């Protein structure tokens, strides 16, 4: 049993139900003259889209059952005038892909449905109720995660409408009435206003367009644009990641690198003419959601922008030029910027197939650039679905004055990520020209990123999208995994605090995954919600999308099929609590420790000697392995007697002294207890079990499940440079053996500690997987009488 929760079902009255059923050729136009048996047989047989003649459909009826002693065929032969509730759903559950005995009992089909959160109609005693039961059924999530109508679509139900060259809606959502055999996958070259490769010419960027062939027949469609720096190819460079096994250095060496923009060379203007594209796409959609929506009439557009394959320029990680080159594609889609058929710039081509409404899609670098482009208020951008996104690039490689890696990306920085996406180097003819420009940018990025001091700067400030949040004009969806330690959740939290204040409509989805999607889960119909959303925002159809579901949806960390509905994500969801350490290694609301406890950090010496992995170190560390926990102070609460939900950003105050005139402190909150927590990533339940359309590719149904027992889980943590004790934006010299007050915030969370578990505050320094790993020892002393951890709880 798992709850296939459904939030995207729009309440529909019977007249509108009838209208939609007739429109999709499911219900006869004159349904009122049809008797009950004739109706029920036709509606079941129409759902059985794999049988193509009426004879074939009829033979299929023997394979369904209304009870443990009667097939559907034999039921129909009795000339029935109604159908009991259990009888109908003994048929329905099979249409939904459930199996009798193994999933449900003949005796209790609606009991089963109730426990998988599937709706059912209690009363089906006439033609009207039977039609409404079948309308709800078509809108019912099947075992493979998709509503029954999409299973019918996978069986080709909607190919009968192909060639009608128009959108068609069902329960407010676009359905697959487009000839996906004829879908157009072409390539153009948009002209930016940039000259990042210093050749005196506007940088052209290769742009991949997937559009329904129906656009060749006058239908204008919206576009879902994905700004993907990876789209042209990904250069592996992990061996070039900067060494992190180095001692800390004096941050007062900071001299505040400055941001300087690239040369501008303004592009020509569009002149009205257009010739069709002359190149077919070779790169594929990187998110099944886009292909799903493409089968349903929405074009998808993909571009790497400057520095990527078949494009001019260099990557400049996080810079305004990455925003501008990426936004240039929307300007072309809205008909304001020029594009060409090839890189000779001789023949202009337009996005005249586009209805002028653009939304964005994609995660990570792709969701990062949606935040960036949104702040420019570019005309045409109506909505973003920003997934797993960086909202400020300092927050991806730094924190509180210190150099802090993404998980499994030790030593990565702006210069590494620039090369990673510098895929025009793969064109060896362009390599001759681009290689020197790429080298110059490598030197500038390596210098300005300032790994020596870890400090913020005017340079880093250029990559802080949150300081232009006032520019956002589009509606807003953010998606983020609560356990994403790659793009850490601080990014989405801090942009949400700004965006939630703004007049446009906004939602937030937080799932239990790490750097990972949530479009194909058992527990939430995210794809159907986005369908409803994109139809409202990009087709201007009034389908209740602005009233359909809650602002914030937060997947529960104890039950994967529980989704919390909240008005916000902020400390304001809970109430303030403060825990104080004790001299006995405890953590209590009335704690009153007074000792000065010390720990000797041994940098990366012992970690690199032991040869263990970074994730092995982290787990043994938070579990309190003696060998790895020795460089730390641990404070445990007593076992919780009721579950408690920590919400928002915990804030630590800590008075500390260091043996050297420099250093860093890390602070973590850990849940203690041996139990089966959720799997790190969703478990695959039906591999390629979802149809994106008719013969249009698949996705995999999955969901988090109880894992092998673990003894602990990291809730949240953060790091801080000692020399920033006074100012997050300005370092200061410090004396060894003098106490300083650090006050800083941890990563945002939404985490239910279950009863019977303990909460551990850990104070330490070197994080083998995310800080620098010094080659020297350093002793820290913490004044327990001036240390505390404060967080909000619900």
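Positions refer to the first chain, counted from 1.
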- line: Higher avg CA temperature factor (54-62 vs 726-734, as deposited) belongs to 726-734
statement: Averaging the C-alpha temperature factors as deposited, the higher value of 279-287 versus 468-476 falls on 468-476
query: Out of 592, 355, 483, 527, which shows the largest CA B-factor listed in the entry?
result: 592
- prompt: Among 144, 517, 208, 644, which residue carries the highest C-alpha B-factor recorded in the PDB entry?
  reply: 644
- request: State the tercile, meaning the lowest, middle or highest third, of residue 380 with respect to the CA B-factors recorded for its chain.
  value: highest
statement: In terms of its chain's C-alpha B-factors, the third that includes residue 459 is the highest
message: Looking at the temperature factor on the CA atom of residue 250, which third of the chain's modelled residues does it land in?
response: highest
- prompt: When the modelled residues of the chain are sorted by Cα temperature factor, does residue 178 land in the lowest, middle or highest third?
  reply: lowest
query: How does residue 759 rank on Cα B-factor within its chain, lowest, middle or highest third?
result: lowest
